[PDB]
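Heads up: the structure comes next, in structure tokens.
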Amino acid sequence: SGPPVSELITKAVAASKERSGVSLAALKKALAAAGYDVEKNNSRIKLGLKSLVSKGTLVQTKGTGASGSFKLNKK
DNA sequence: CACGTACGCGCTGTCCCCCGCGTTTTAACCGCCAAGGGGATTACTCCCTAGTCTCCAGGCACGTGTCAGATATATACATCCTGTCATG
């Protein structure tokens, strides 16, 4: 069970906060380094990485959907 | 060996498109029949060319010898990275 993976993905994206945002590749490598499965739950991450762009907590920098770069909200 | 910039591509995102299904049409298929065109076969007679003795002729073997381009040296651009400034 454990906590839902939204908190895990927020820790993964808040770990670095590069000026050019994290790729989907680098964030799933961070989640795999954390230990969360990224191979069978990649549909769950696939929907989560656009749900988080949609709800406004995180904004997408340069890519589209779950592609490209990502950064935190202004406030 | 070592600094450095770019490369493959992973994964979604998002448009895009082409098979699945099904129907409708239509001429392909079938199958049936008429007819003749030349493929093929036989005949005939004619071209046509390899060979050969010989005879002569040019092209390679070989030597050489002399200037076109290799080599070398001094110049000019290329160009590409670097440096600098206006602007969204």
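Quick reminder, even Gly has a Cβ in these numbers, built from the backbone with ideal geometry, and neighbours come from all protein chains shown. Readers should treat all values here as calculations from the given coordinates under stated rules, not as data from a laboratory.
Tabulated values for the structure
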quantity	calculated
Compactness relative to 2.2 N^0.38 Å, alpha carbon Rg of chain A	1.00
Candidate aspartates and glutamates - alpha carbon under 20 Å from A:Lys74, same-chain residues fewer than 8 apart omitted	A:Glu7, A:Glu18
Backbone N under 20 Å from the A:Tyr36 label point (7 Å along Cα→Cβ), restricted to the range A:1-22	A:1-18, A:21-22
J(HN,Hα) series, the range A:48-59, from Karplus relation 6.51 cos²θ - 1.76 cosθ + 1.60, nearest Hz, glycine and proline x	x, 6, 9, 5, 6, 5, 6, 7, x, 5, 10, 10
Helical contribution to [θ] at 222 nm, DSSP H n ≥ 4, -39,500 (n - 2.57), averaged over chain A, rounded to 500	-14500 deg cm²/dmol
